[PDB]
Amino acid sequence: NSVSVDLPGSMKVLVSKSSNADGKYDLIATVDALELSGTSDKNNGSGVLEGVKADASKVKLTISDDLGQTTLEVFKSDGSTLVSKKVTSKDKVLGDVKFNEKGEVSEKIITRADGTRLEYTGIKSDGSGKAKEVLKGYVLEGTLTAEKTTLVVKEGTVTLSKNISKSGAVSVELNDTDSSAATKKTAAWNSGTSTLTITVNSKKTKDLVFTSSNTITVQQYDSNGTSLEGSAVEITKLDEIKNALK
């Protein structure tokens, strides 16, 4: 009979134990009560399965040859224009995409392997939109363009801008409208260490590290302004980021 194969994206497919006369394997899957079926020229669970929703929407599940990626698509009833696409890649990152009534990308939610998210909404034909980053304990809000995602935190006269380029590189900057030389914050970004160093009155006050684990840490400098003291503290709420900008 059949063998179960575990799939990325919390799905299972049943593959026939032997091939048919064309050398092909039968595939069966049930995705949220919808039965999908297909035929594959591989034996491991990869290939294409199809079904039809009760509202006549077409559904297709594509499993990559190495079982590393799954793509679950919903189309309009003639199967020609996309409604939604959910892609789990081999790093277990999830891409959740909605399309407008003409099947152009309208909304995209990226769920990282650690569960943090980038939520892109109201996406227009120039790739611009609204953006939100969902971190552990807090949320950052901003905009999207074809060039970058910019998430903004404001505290007093200080604006902190976290940039995620179209390819995923992070840069951070700080602007302060304060004109007093004694209290105005300025800042320098070190991309190599993903660290923003804040300075007040020609002395370093703190390092903000934007880590590869999608967290922010804050570490203070000593009263001189030249060396770090203590240890970095992980931000766990938006208030703590704002406090670092005071």
# chains A, B, ... in the order shown; residues from 1 in each chain; ligands from 1

$ residues_around --residues "range 188-192 of chain A" --least-positions-apart "4" --cutoff "12 Å" --atoms "only C-alpha atoms" --output "number ranges by chain"
A: 160-163, 169-175, 196-200, 204-212

$ write_last_selection --atoms "N, CA and C atoms" --output "PDB file, in the first residue's frame"
ATOM      1  N   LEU A 160      14.663  56.463  15.683  1.00  0.00           N
ATOM      2  CA  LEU A 160      15.487  55.298  15.405  1.00  0.00           C
ATOM      3  C   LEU A 160      14.865  54.556  14.234  1.00  0.00           C
ATOM      4  N   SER A 161      15.686  54.229  13.246  1.00  0.00           N
ATOM      5  CA  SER A 161      15.229  53.671  11.979  1.00  0.00           C
ATOM      6  C   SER A 161      16.002  52.382  11.740  1.00  0.00           C
ATOM      7  N   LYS A 162      15.310  51.251  11.779  1.00  0.00           N
ATOM      8  CA  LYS A 162      15.905  49.963  11.449  1.00  0.00           C
ATOM      9  C   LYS A 162      15.568  49.654  10.000  1.00  0.00           C
ATOM     10  N   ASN A 163      16.596  49.459   9.178  1.00  0.00           N
ATOM     11  CA  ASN A 163      16.428  49.223   7.750  1.00  0.00           C
ATOM     12  C   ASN A 163      16.733  47.767   7.454  1.00  0.00           C
ATOM     13  N   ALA A 169      19.864  42.664   4.327  1.00  0.00           N
ATOM     14  CA  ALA A 169      20.902  43.294   5.132  1.00  0.00           C
ATOM     15  C   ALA A 169      20.295  44.359   6.042  1.00  0.00           C
ATOM     16  N   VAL A 170      20.781  44.417   7.280  1.00  0.00           N
ATOM     17  CA  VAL A 170      20.251  45.321   8.296  1.00  0.00           C
ATOM     18  C   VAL A 170      21.192  46.507   8.464  1.00  0.00           C
ATOM     19  N   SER A 171      20.625  47.710   8.472  1.00  0.00           N
ATOM     20  CA  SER A 171      21.332  48.913   8.870  1.00  0.00           C
ATOM     21  C   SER A 171      20.401  49.728   9.751  1.00  0.00           C
ATOM     22  N   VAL A 172      20.988  50.446  10.694  1.00  0.00           N
ATOM     23  CA  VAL A 172      20.247  51.202  11.690  1.00  0.00           C
ATOM     24  C   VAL A 172      20.827  52.603  11.748  1.00  0.00           C
ATOM     25  N   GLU A 173      19.962  53.590  11.945  1.00  0.00           N
ATOM     26  CA  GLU A 173      20.448  54.942  12.128  1.00  0.00           C
ATOM     27  C   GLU A 173      19.570  55.681  13.121  1.00  0.00           C
ATOM     28  N   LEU A 174      20.101  56.795  13.607  1.00  0.00           N
ATOM     29  CA  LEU A 174      19.453  57.578  14.644  1.00  0.00           C
ATOM     30  C   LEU A 174      19.536  59.045  14.264  1.00  0.00           C
ATOM     31  N   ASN A 175      18.393  59.726  14.288  1.00  0.00           N
ATOM     32  CA  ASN A 175      18.322  61.165  14.087  1.00  0.00           C
ATOM     33  C   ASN A 175      17.712  61.816  15.319  1.00  0.00           C
ATOM     34  N   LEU A 196      24.856  49.642  16.629  1.00  0.00           N
ATOM     35  CA  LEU A 196      24.709  51.088  16.581  1.00  0.00           C
ATOM     36  C   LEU A 196      25.295  51.650  17.869  1.00  0.00           C
ATOM     37  N   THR A 197      26.272  52.543  17.747  1.00  0.00           N
ATOM     38  CA  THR A 197      26.873  53.180  18.908  1.00  0.00           C
ATOM     39  C   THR A 197      26.315  54.586  19.031  1.00  0.00           C
ATOM     40  N   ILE A 198      25.689  54.868  20.153  1.00  0.00           N
ATOM     41  CA  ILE A 198      25.117  56.183  20.401  1.00  0.00           C
ATOM     42  C   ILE A 198      26.139  57.039  21.142  1.00  0.00           C
ATOM     43  N   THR A 199      26.190  58.325  20.792  1.00  0.00           N
ATOM     44  CA  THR A 199      27.095  59.288  21.398  1.00  0.00           C
ATOM     45  C   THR A 199      26.315  60.514  21.846  1.00  0.00           C
ATOM     46  N   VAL A 200      26.625  61.016  23.044  1.00  0.00           N
ATOM     47  CA  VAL A 200      26.093  62.286  23.520  1.00  0.00           C
ATOM     48  C   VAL A 200      27.262  63.097  24.055  1.00  0.00           C
ATOM     49  N   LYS A 204      30.579  58.189  24.003  1.00  0.00           N
ATOM     50  CA  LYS A 204      29.718  57.047  23.728  1.00  0.00           C
ATOM     51  C   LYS A 204      28.856  56.742  24.950  1.00  0.00           C
ATOM     52  N   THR A 205      27.555  56.527  24.738  1.00  0.00           N
ATOM     53  CA  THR A 205      26.679  56.183  25.851  1.00  0.00           C
ATOM     54  C   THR A 205      26.243  54.729  25.848  1.00  0.00           C
ATOM     55  N   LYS A 206      25.971  54.149  24.684  1.00  0.00           N
ATOM     56  CA  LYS A 206      25.537  52.760  24.672  1.00  0.00           C
ATOM     57  C   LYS A 206      25.694  52.165  23.288  1.00  0.00           C
ATOM     58  N   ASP A 207      25.851  50.841  23.266  1.00  0.00           N
ATOM     59  CA  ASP A 207      25.785  50.033  22.057  1.00  0.00           C
ATOM     60  C   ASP A 207      24.431  49.336  21.978  1.00  0.00           C
ATOM     61  N   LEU A 208      23.767  49.451  20.832  1.00  0.00           N
ATOM     62  CA  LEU A 208      22.556  48.675  20.527  1.00  0.00           C
ATOM     63  C   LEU A 208      22.935  47.626  19.489  1.00  0.00           C
ATOM     64  N   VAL A 209      22.907  46.350  19.879  1.00  0.00           N
ATOM     65  CA  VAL A 209      23.228  45.248  18.974  1.00  0.00           C
ATOM     66  C   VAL A 209      21.939  44.660  18.411  1.00  0.00           C
ATOM     67  N   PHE A 210      21.860  44.581  17.089  1.00  0.00           N
ATOM     68  CA  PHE A 210      20.745  43.949  16.391  1.00  0.00           C
ATOM     69  C   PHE A 210      21.228  42.568  15.969  1.00  0.00           C
ATOM     70  N   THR A 211      20.862  41.551  16.745  1.00  0.00           N
ATOM     71  CA  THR A 211      21.522  40.258  16.654  1.00  0.00           C
ATOM     72  C   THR A 211      20.965  39.413  15.510  1.00  0.00           C
ATOM     73  N   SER A 212      21.727  38.377  15.158  1.00  0.00           N
ATOM     74  CA  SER A 212      21.252  37.385  14.206  1.00  0.00           C
ATOM     75  C   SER A 212      20.093  36.559  14.746  1.00  0.00           C
TER      76      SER A 212
END

$ residues_around --residues "residue 45 in chain A" --least-positions-apart "4" --cutoff "12 Å" --atoms "only C-alpha atoms" --output "ChimeraX atom specification"
/A:2-8,11-17,24-29,37-41,49,61-70

$ write_last_selection --atoms "N, CA, C and O atoms" --output "tab-separated table (two decimals), in the first residue's frame"
chain	number	residue	atom	x	y	z
A	2	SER	N	0.70	2.08	1.04
A	2	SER	CA	1.25	3.43	1.06
A	2	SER	C	2.21	3.62	2.23
A	2	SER	O	2.20	2.87	3.21
A	3	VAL	N	3.05	4.65	2.12
A	3	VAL	CA	3.94	5.06	3.20
A	3	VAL	C	3.76	6.55	3.43
A	3	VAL	O	3.67	7.33	2.48
A	4	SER	N	3.71	6.94	4.71
A	4	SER	CA	3.60	8.34	5.08
A	4	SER	C	4.95	9.04	5.02
A	4	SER	O	5.97	8.48	5.42
A	5	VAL	N	4.95	10.28	4.54
A	5	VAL	CA	6.15	11.10	4.41
A	5	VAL	C	5.86	12.44	5.07
A	5	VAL	O	4.89	13.13	4.72
A	6	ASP	N	6.70	12.82	6.03
A	6	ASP	CA	6.51	14.08	6.73
A	6	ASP	C	6.98	15.24	5.86
A	6	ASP	O	8.04	15.17	5.23
A	7	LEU	N	6.18	16.30	5.82
A	7	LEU	CA	6.49	17.41	4.94
A	7	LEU	C	6.71	18.69	5.73
A	7	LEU	O	6.12	18.88	6.80
A	8	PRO	N	7.55	19.60	5.22
A	8	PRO	CA	7.61	20.95	5.79
A	8	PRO	C	6.25	21.62	5.68
A	8	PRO	O	5.50	21.40	4.73
A	11	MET	N	2.53	19.12	7.11
A	11	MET	CA	1.72	18.35	6.17
A	11	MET	C	2.30	16.95	6.04
A	11	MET	O	3.46	16.70	6.36
A	12	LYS	N	1.61	16.01	5.59
A	12	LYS	CA	1.93	14.61	5.33
A	12	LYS	C	1.43	14.23	3.94
A	12	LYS	O	0.42	14.75	3.47
A	13	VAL	N	2.14	13.41	3.24
A	13	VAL	CA	1.72	12.84	1.97
A	13	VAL	C	1.89	11.33	2.06
A	13	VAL	O	2.82	10.84	2.69
A	14	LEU	N	0.96	10.60	1.44
A	14	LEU	CA	1.06	9.15	1.31
A	14	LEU	C	1.56	8.82	-0.09
A	14	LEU	O	0.99	9.29	-1.08
A	15	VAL	N	2.63	8.02	-0.17
A	15	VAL	CA	3.23	7.59	-1.43
A	15	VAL	C	3.02	6.10	-1.59
A	15	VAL	O	3.18	5.33	-0.63
A	16	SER	N	2.67	5.68	-2.80
A	16	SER	CA	2.52	4.25	-3.07
A	16	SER	C	3.86	3.56	-2.89
A	16	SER	O	4.93	4.13	-3.15
A	17	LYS	N	3.81	2.31	-2.42
A	17	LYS	CA	5.05	1.59	-2.13
A	17	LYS	C	5.78	1.17	-3.40
A	17	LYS	O	7.01	1.03	-3.40
A	24	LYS	N	5.42	5.40	-12.39
A	24	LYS	CA	5.04	6.56	-11.60
A	24	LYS	C	4.39	6.13	-10.29
A	24	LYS	O	3.84	5.03	-10.19
A	25	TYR	N	4.47	7.01	-9.30
A	25	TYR	CA	3.96	6.76	-7.96
A	25	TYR	C	2.72	7.60	-7.72
A	25	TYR	O	2.65	8.75	-8.18
A	26	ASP	N	1.77	7.04	-7.00
A	26	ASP	CA	0.56	7.78	-6.64
A	26	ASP	C	0.80	8.55	-5.34
A	26	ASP	O	1.42	8.04	-4.41
A	27	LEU	N	0.30	9.79	-5.31
A	27	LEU	CA	0.39	10.66	-4.14
A	27	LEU	C	-1.01	11.00	-3.64
A	27	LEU	O	-1.91	11.30	-4.44
A	28	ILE	N	-1.20	10.94	-2.33
A	28	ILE	CA	-2.45	11.34	-1.68
A	28	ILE	C	-2.10	12.19	-0.48
A	28	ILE	O	-1.20	11.84	0.30
A	29	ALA	N	-2.80	13.31	-0.31
A	29	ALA	CA	-2.60	14.14	0.87
A	29	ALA	C	-3.94	14.73	1.25
A	29	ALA	O	-4.82	14.91	0.41
A	37	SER	N	-4.62	14.82	-4.70
A	37	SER	CA	-4.04	13.61	-5.26
A	37	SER	C	-3.14	13.98	-6.44
A	37	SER	O	-3.32	15.02	-7.08
A	38	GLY	N	-2.19	13.11	-6.72
A	38	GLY	CA	-1.29	13.37	-7.83
A	38	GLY	C	-0.46	12.15	-8.14
A	38	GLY	O	-0.58	11.10	-7.49
A	39	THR	N	0.37	12.30	-9.16
A	39	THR	CA	1.27	11.24	-9.59
A	39	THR	C	2.67	11.82	-9.78
A	39	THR	O	2.82	12.94	-10.27
A	40	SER	N	3.67	11.05	-9.38
A	40	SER	CA	5.05	11.52	-9.38
A	40	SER	C	5.95	10.48	-10.02
A	40	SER	O	5.72	9.27	-9.88
A	41	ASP	N	6.99	10.95	-10.69
A	41	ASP	CA	8.00	10.02	-11.18
A	41	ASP	C	9.14	9.81	-10.19
A	41	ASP	O	10.14	9.17	-10.53
A	49	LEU	N	0.42	17.50	-6.22
A	49	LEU	CA	-0.90	17.01	-5.88
A	49	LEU	C	-1.90	18.13	-6.13
A	49	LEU	O	-1.58	19.31	-5.97
A	61	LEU	N	-0.47	21.43	-4.38
A	61	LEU	CA	0.61	21.23	-3.43
A	61	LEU	C	1.79	20.70	-4.21
A	61	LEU	O	1.71	19.63	-4.82
A	62	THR	N	2.89	21.45	-4.19
A	62	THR	CA	4.11	21.06	-4.87
A	62	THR	C	5.18	20.80	-3.82
A	62	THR	O	5.42	21.64	-2.95
A	63	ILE	N	5.78	19.61	-3.87
A	63	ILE	CA	6.81	19.19	-2.93
A	63	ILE	C	8.11	19.06	-3.71
A	63	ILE	O	8.16	18.34	-4.71
A	64	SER	N	9.15	19.79	-3.29
A	64	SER	CA	10.41	19.78	-4.03
A	64	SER	C	11.03	18.38	-4.00
A	64	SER	O	10.69	17.55	-3.15
A	65	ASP	N	11.96	18.15	-4.94
A	65	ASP	CA	12.49	16.80	-5.16
A	65	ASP	C	13.15	16.24	-3.91
A	65	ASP	O	13.11	15.03	-3.69
A	66	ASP	N	13.78	17.09	-3.10
A	66	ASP	CA	14.50	16.65	-1.92
A	66	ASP	C	13.66	16.74	-0.65
A	66	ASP	O	14.20	16.60	0.45
A	67	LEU	N	12.35	16.97	-0.77
A	67	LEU	CA	11.42	17.12	0.34
A	67	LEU	C	11.71	18.34	1.20
A	67	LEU	O	11.12	18.48	2.28
A	68	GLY	N	12.57	19.25	0.74
A	68	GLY	CA	12.96	20.39	1.56
A	68	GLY	C	11.95	21.52	1.56
A	68	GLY	O	11.87	22.28	2.53
A	69	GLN	N	11.17	21.65	0.48
A	69	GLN	CA	10.25	22.77	0.33
A	69	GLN	C	8.86	22.28	-0.05
A	69	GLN	O	8.72	21.33	-0.82
A	70	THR	N	7.82	22.93	0.48
A	70	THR	CA	6.45	22.70	0.05
A	70	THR	C	5.83	24.03	-0.35
A	70	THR	O	6.07	25.06	0.29

$ residues_around --residues "residue 53 in chain A" --least-positions-apart "4" --cutoff "7 Å" --atoms "only C-alpha atoms" --output "JSON, numbers by chain"
{"A": [34, 57, 58]}

$ residues_around --residues "residue 142 in chain A" --least-positions-apart "5" --cutoff "9 Å" --atoms "only C-alpha atoms" --output "ChimeraX atom specification"
/A:130-133,149-153,161

$ closest_residue --among "A:201, A:154, A:217, A:194" --to "residue 176 in chain A" --atoms "only C-alpha atoms"
A:154

$ atom_distance --atom1 "CA of residue 77 in chain A" --atom2 "CA of residue 52 in chain A"
8.3 Å

$ atom_distance --atom1 "CA of residue 123 in chain A" --atom2 "CA of residue 56 in chain A"
26.5 Å

$ closest_residue --among "A:96, A:222, A:234, A:73" --to "residue 135 in chain A" --atoms "only C-alpha atoms"
A:234

$ closest_residue --among "A:31, A:241, A:105, A:235" --to "residue 127 in chain A" --atoms "only C-alpha atoms"
A:105

$ select_by_dssp --residues "range 44-166 of chain A" --states "strand (DSSP E or B)" --output "VMD selection string"
chain A and resid 47 to 52 58 to 63 70 to 75 82 to 88 94 to 99 105 to 111 117 to 121 129 to 134 139 to 144 148 to 155 158 to 165

$ write_last_selection --atoms "C-alpha atoms" --output "PDB file, in the first residue's frame"
ATOM      1  CA  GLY A  47       5.857  15.867  -6.841  1.00  0.00           C
ATOM      2  CA  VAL A  48       2.531  17.612  -7.422  1.00  0.00           C
ATOM      3  CA  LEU A  49      -0.901  17.009  -5.883  1.00  0.00           C
ATOM      4  CA  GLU A  50      -4.116  18.778  -6.824  1.00  0.00           C
ATOM      5  CA  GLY A  51      -7.637  19.295  -5.532  1.00  0.00           C
ATOM      6  CA  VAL A  52     -10.708  21.526  -5.694  1.00  0.00           C
ATOM      7  CA  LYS A  58      -8.214  25.018  -7.446  1.00  0.00           C
ATOM      8  CA  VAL A  59      -5.543  23.849  -4.985  1.00  0.00           C
ATOM      9  CA  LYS A  60      -2.052  22.600  -5.765  1.00  0.00           C
ATOM     10  CA  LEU A  61       0.611  21.233  -3.428  1.00  0.00           C
ATOM     11  CA  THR A  62       4.111  21.060  -4.873  1.00  0.00           C
ATOM     12  CA  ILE A  63       6.805  19.188  -2.931  1.00  0.00           C
ATOM     13  CA  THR A  70       6.451  22.704   0.046  1.00  0.00           C
ATOM     14  CA  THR A  71       4.302  25.179  -1.869  1.00  0.00           C
ATOM     15  CA  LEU A  72       0.537  25.212  -1.277  1.00  0.00           C
ATOM     16  CA  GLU A  73      -1.369  27.338  -3.788  1.00  0.00           C
ATOM     17  CA  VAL A  74      -5.009  28.330  -4.178  1.00  0.00           C
ATOM     18  CA  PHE A  75      -6.203  29.601  -7.568  1.00  0.00           C
ATOM     19  CA  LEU A  82      -3.490  32.948  -7.892  1.00  0.00           C
ATOM     20  CA  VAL A  83      -5.369  33.531  -4.651  1.00  0.00           C
ATOM     21  CA  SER A  84      -2.841  32.493  -2.000  1.00  0.00           C
ATOM     22  CA  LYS A  85       0.561  30.855  -1.800  1.00  0.00           C
ATOM     23  CA  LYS A  86       2.164  29.331   1.305  1.00  0.00           C
ATOM     24  CA  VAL A  87       5.794  28.267   0.956  1.00  0.00           C
ATOM     25  CA  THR A  88       7.807  26.514   3.642  1.00  0.00           C
ATOM     26  CA  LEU A  94       7.305  30.298   6.068  1.00  0.00           C
ATOM     27  CA  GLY A  95       6.141  32.654   3.326  1.00  0.00           C
ATOM     28  CA  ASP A  96       2.380  33.384   3.474  1.00  0.00           C
ATOM     29  CA  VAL A  97       1.249  35.343   0.405  1.00  0.00           C
ATOM     30  CA  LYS A  98      -2.169  36.714  -0.549  1.00  0.00           C
ATOM     31  CA  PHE A  99      -3.070  38.163  -3.934  1.00  0.00           C
ATOM     32  CA  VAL A 105       0.932  40.083  -4.650  1.00  0.00           C
ATOM     33  CA  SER A 106      -1.076  42.054  -2.094  1.00  0.00           C
ATOM     34  CA  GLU A 107       0.048  40.719   1.319  1.00  0.00           C
ATOM     35  CA  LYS A 108       3.066  38.716   2.533  1.00  0.00           C
ATOM     36  CA  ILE A 109       3.778  37.372   6.020  1.00  0.00           C
ATOM     37  CA  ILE A 110       7.245  35.927   6.602  1.00  0.00           C
ATOM     38  CA  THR A 111       7.614  33.722   9.667  1.00  0.00           C
ATOM     39  CA  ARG A 117       7.649  37.749  11.673  1.00  0.00           C
ATOM     40  CA  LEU A 118       7.729  40.358   8.938  1.00  0.00           C
ATOM     41  CA  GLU A 119       4.166  41.379   8.058  1.00  0.00           C
ATOM     42  CA  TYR A 120       3.839  43.205   4.732  1.00  0.00           C
ATOM     43  CA  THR A 121       0.361  44.564   4.033  1.00  0.00           C
ATOM     44  CA  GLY A 129       3.517  48.849   1.430  1.00  0.00           C
ATOM     45  CA  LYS A 130       3.134  48.921   5.182  1.00  0.00           C
ATOM     46  CA  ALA A 131       5.451  46.823   7.306  1.00  0.00           C
ATOM     47  CA  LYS A 132       5.589  45.382  10.785  1.00  0.00           C
ATOM     48  CA  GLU A 133       8.233  43.299  12.502  1.00  0.00           C
ATOM     49  CA  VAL A 134       6.913  41.012  15.227  1.00  0.00           C
ATOM     50  CA  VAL A 139       6.520  44.956  17.594  1.00  0.00           C
ATOM     51  CA  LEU A 140       8.226  47.438  15.245  1.00  0.00           C
ATOM     52  CA  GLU A 141       6.194  49.403  12.702  1.00  0.00           C
ATOM     53  CA  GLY A 142       7.156  51.050   9.453  1.00  0.00           C
ATOM     54  CA  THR A 143       6.940  50.992   5.680  1.00  0.00           C
ATOM     55  CA  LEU A 144       8.107  48.926   2.742  1.00  0.00           C
ATOM     56  CA  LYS A 148      14.069  48.456   1.876  1.00  0.00           C
ATOM     57  CA  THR A 149      11.871  47.927   4.903  1.00  0.00           C
ATOM     58  CA  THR A 150      12.152  50.811   7.370  1.00  0.00           C
ATOM     59  CA  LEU A 151      10.866  50.317  10.916  1.00  0.00           C
ATOM     60  CA  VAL A 152      10.755  53.419  13.101  1.00  0.00           C
ATOM     61  CA  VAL A 153      10.861  54.024  16.857  1.00  0.00           C
ATOM     62  CA  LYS A 154      10.434  57.572  18.152  1.00  0.00           C
ATOM     63  CA  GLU A 155      11.263  58.808  21.639  1.00  0.00           C
ATOM     64  CA  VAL A 158      15.032  61.003  18.608  1.00  0.00           C
ATOM     65  CA  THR A 159      14.009  58.801  15.681  1.00  0.00           C
ATOM     66  CA  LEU A 160      15.487  55.298  15.405  1.00  0.00           C
ATOM     67  CA  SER A 161      15.229  53.671  11.979  1.00  0.00           C
ATOM     68  CA  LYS A 162      15.905  49.963  11.449  1.00  0.00           C
ATOM     69  CA  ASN A 163      16.428  49.223   7.750  1.00  0.00           C
ATOM     70  CA  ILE A 164      16.114  45.793   6.151  1.00  0.00           C
ATOM     71  CA  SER A 165      17.332  45.964   2.568  1.00  0.00           C
TER      72      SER A 165
END

$ select_by_dssp --residues "range 7-242 of chain A" --states "alpha helix (DSSP H)" --output "ChimeraX atom specification"
/A:238-242

$ write_last_selection --atoms "N, CA, C and O atoms" --output "tab-separated table (two decimals), in the first residue's frame"
chain	number	residue	atom	x	y	z
A	238	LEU	N	8.92	47.21	24.04
A	238	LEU	CA	9.18	48.44	23.29
A	238	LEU	C	9.63	49.56	24.21
A	238	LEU	O	10.43	50.40	23.79
A	239	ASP	N	9.15	49.58	25.45
A	239	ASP	CA	9.52	50.62	26.40
A	239	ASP	C	11.02	50.66	26.63
A	239	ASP	O	11.61	51.73	26.86
A	240	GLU	N	11.66	49.49	26.63
A	240	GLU	CA	13.09	49.42	26.90
A	240	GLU	C	13.90	49.97	25.73
A	240	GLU	O	14.94	50.61	25.94
A	241	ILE	N	13.45	49.76	24.49
A	241	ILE	CA	14.08	50.44	23.37
A	241	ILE	C	13.94	51.94	23.52
A	241	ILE	O	14.91	52.69	23.34
A	242	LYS	N	12.72	52.41	23.81
A	242	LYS	CA	12.52	53.84	24.01
A	242	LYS	C	13.42	54.38	25.12
A	242	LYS	O	14.00	55.47	24.99

$ atom_distance --atom1 "CA of residue 243 in chain A" --atom2 "CA of residue 220 in chain A"
12.1 Å

$ closest_residue --among "A:181, A:116, A:128, A:193" --to "residue 166 in chain A" --atoms "only C-alpha atoms"
A:128
